[PDB]
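Each value in this text was obtained by applying a stated rule to the coordinates, not by laboratory testing. All Cβ positions, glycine included, derive from the backbone under ideal geometry; neighbour counts span all protein chains shown.
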Amino acid sequence: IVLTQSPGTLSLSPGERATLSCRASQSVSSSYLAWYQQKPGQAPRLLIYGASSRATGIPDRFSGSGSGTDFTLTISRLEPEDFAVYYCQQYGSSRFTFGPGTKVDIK
């Protein structure tokens, strides 16, 4: 399974909504699709698992949706601490690969 992500880079202001896409080349088994946030100098932190479950402690402004091959991460109202690179990962089959990332930068 190959994951692609779009956009590549997106610059927004605090308070704006970000809509991030992840597309899988084949259906993802059981909706085992996760999303991570990586801030500079840190390991990625899990935001969403099973396509639409928020991980423990993750605020409700992050939302994951989708099934099959098309997945979306929405950040409803960006806070300054949300500017980072966001990755999807499929863990339903084969090598558990990552998408190439979407950089969400401050406008």
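For segment 10-47, a residue qualifies if it is closer than 16 Å to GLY66 by Cα and among the charged types (D, E, K, R), and exactly one does: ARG23. Would you confirm, using the coordinates I've provided, whether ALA24 is within 19 Å of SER93 (Cα to Cα) and touching a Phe, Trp or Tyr at 6+ places or on another chain (Cβ under 6 Å)? Against the criterion (within 19 Å of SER93 (Cα to Cα) and touching a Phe, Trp or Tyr at 6+ places or on another chain (Cβ under 6 Å)), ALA24 does not qualify.
Could you tell me which residue of segment 69-107 is nearest to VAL28 (Cα to Cα), considering only residues that are surrounded by fewer than 19 Cβ atoms within 10 Å (Cβ to Cβ) and in contact with a helix residue (DSSP H, G or I) (Cβ under 8 Å, 6 or more places away or on another chain)? It comes out as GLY92.
Please identify the pairs in which a residue from segment 47-63 that is surrounded by fewer than 18 Cβ atoms within 10 Å (Cβ to Cβ) has its Cβ atom under 6 Å from the Cβ atom of a residue that is in a loop (DSSP other than H, G, I, E, B), counting only partners at least 6 apart or on another chain. Partner pairs satisfying both residue conditions: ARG61/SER76; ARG61/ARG77. Considering only residues in segment 23-46 that are in contact with a strand residue (DSSP E or B) (Cβ under 9 Å, 6 or more places away or on another chain) and more than 19 Å from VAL104 (Cβ to Cβ), the one that is surrounded by the most Cβ atoms within 10 Å (Cβ to Cβ) turns out to be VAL28. Scanning segment 79-107 for residues that are over 14 Å from the mean Cα position of the chain (by Cα) and not aromatic (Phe, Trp, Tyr) yields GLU79, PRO80, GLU81, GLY92, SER93, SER94, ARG95, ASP105, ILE106, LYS107. The residues of segment 1-22 that are surrounded by fewer than 12 Cβ atoms within 10 Å (Cβ to Cβ) and of a type in the set (A, V, I, L, M, F, W, C) amount to a single one, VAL2. Among the residues in segment 76-86, are any part of a loop (DSSP other than H, G, I, E, B), touching a residue at least 60 places away in the same chain (Cβ under 8 Å) and not basic (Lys, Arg)? Within segment 76-86, one or more residues are part of a loop (DSSP other than H, G, I, E, B), touching a residue at least 60 places away in the same chain (Cβ under 8 Å) and not basic (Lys, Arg).
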